[PDB]
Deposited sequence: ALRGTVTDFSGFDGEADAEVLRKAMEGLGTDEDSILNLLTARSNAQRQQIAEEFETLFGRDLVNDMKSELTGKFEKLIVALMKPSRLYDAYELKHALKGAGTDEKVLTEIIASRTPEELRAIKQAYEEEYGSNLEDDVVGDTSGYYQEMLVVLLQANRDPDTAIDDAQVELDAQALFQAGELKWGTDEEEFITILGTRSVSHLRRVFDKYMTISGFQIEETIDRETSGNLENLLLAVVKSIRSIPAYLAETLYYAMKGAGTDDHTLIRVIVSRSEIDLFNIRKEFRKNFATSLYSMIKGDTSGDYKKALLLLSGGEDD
C-alpha cells in the first residue's frame, strides 16, 4: 500500500556508475545532466555503493567532489540524496537543534509523522553519529508542554490497534474538547497522553466523536499559534493520514512568496522510498494540481529537473 517513487535499479553496475559520474566531473566544466539522470534513478543503498566504488576508482570522496563541482539548491539536493536513509532524519534533527535559533518546524514534522519503528532507529542513528542522546538534546533546546509532547512521542511507544471501546472514545473526545476550551493551557499531561499514546484507530474514532460533541473538527480549535499547537496539528493530521500531512507540508513549502527549499528537499528525499507515491495522490486529491506541476512552477534548472524525476506523476 505504501509506495515510494524510487526503487532499486535493475542490472546495477556500481563501477560503471562511478565512471559515468567521473566522466561527468573530471576536468573544468560539469555535466549536471548525467549526474542527476544517474542518481535520481538509483536507490539510496545503490548510491552508497556508487560512492564506495567511486573512491576506489579515483581515490577521491564522491560527496566532497560534488560539493565543489555543484552549486546552490541543486548541490543541496544531490548531497541530501547521498545521505544514507538510516541517518537522514537523525541528521535533519541535529541540523535543527540550535539552542535559541532552534528550528521547531523540523522537530515537529519528523517526530509527529514517523512511526514507532522509525523513531527508535532514528534515536539509535542519532547517538552513534553525534554521541549524545536525542531526547536530552531535544529537552535542552525546547520548553513548555511542546517539549513534553515531543519526549512522550520520542518514547516510540504508541498503543497498537486493538478492539475499539466506544466508552473510552466518548471520554477522550470529551477530554480533548474540554482541553480545547482551555486553549491547550491546562492539564497538558492529560491531552498529551491521549494524543501522543492512544492508538491510531482509537484516535480516528475520537476525532469523529469529538466533531459530534463540539460541532467543529479538532483542527478548527487550533487554527497565530504557538509551538505546542503546531505539534498537536501535526500529530492529529499524521493520525488521520501521514501522506496527507506530508502533502500539506510540501504545499506550504511552496504556496507563498518564494520557496522553502529546506522543506521541499527534505520531504522529497526522505519520503522517496517510503510513501511519496501516496503523498502525490493526497496532494492531487486535496490541492487540485499534481505535485509535479507545483515543483515545475516553484523551482528552476537542474534542481527542478532532479526533483521532477524523483517525484514523477506529471499526468496525476
Requested in this report: No C-alpha coordinates anywhere in a stretch? Then put that deposited-sequence range on the list, in order along the chain.
Outcome: 224-225
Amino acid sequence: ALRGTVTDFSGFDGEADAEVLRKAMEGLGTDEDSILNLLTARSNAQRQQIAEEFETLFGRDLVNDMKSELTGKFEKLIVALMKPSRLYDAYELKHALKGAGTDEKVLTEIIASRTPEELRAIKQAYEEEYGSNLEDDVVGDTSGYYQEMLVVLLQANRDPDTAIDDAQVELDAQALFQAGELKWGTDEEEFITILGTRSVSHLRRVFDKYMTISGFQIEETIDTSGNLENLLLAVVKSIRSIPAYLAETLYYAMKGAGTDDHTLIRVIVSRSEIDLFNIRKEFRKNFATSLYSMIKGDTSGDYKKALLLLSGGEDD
From here on, numbers count along this sequence of modelled residues.
Report task. Check the entry's C-alpha temperature factors for 170-178 and 88-96, then say which stretch has the higher mean. Result -> 170-178
Query raised in the report: Higher mean Cα B-factor in the deposited model: 266-274 or 54-62?
Result: 54-62
**Report entry** Of the residues 160, 243, 144, 185, the one carrying the largest Cα B-factor as recorded
**Finding:** 160
Report summary line: Listed options 137, 75, 219, 103: highest C-alpha B factor recorded at 219
Requested in this report: Taking the values exactly as deposited, rank residue 6 by C-alpha B-factor within its chain and report the matching third: lowest, middle or highest.
Outcome: lowest
Query raised in the report: When the modelled residues of the chain are sorted by Cα temperature factor, does residue 295 land in the lowest, middle or highest third?
Result: middle
Report task. Name the third of the chain's ranked CA B-factors that contains residue 123, choosing lowest, middle or highest. Result -> middle
Query raised in the report: By the record's CA B-factor, is residue 13 among the lowest, middle or highest third of residues in the chain?
Result: middle
**Report entry** Assigned third (lowest, middle, highest) for the C-alpha B factor of residue 31
**Finding:** middle
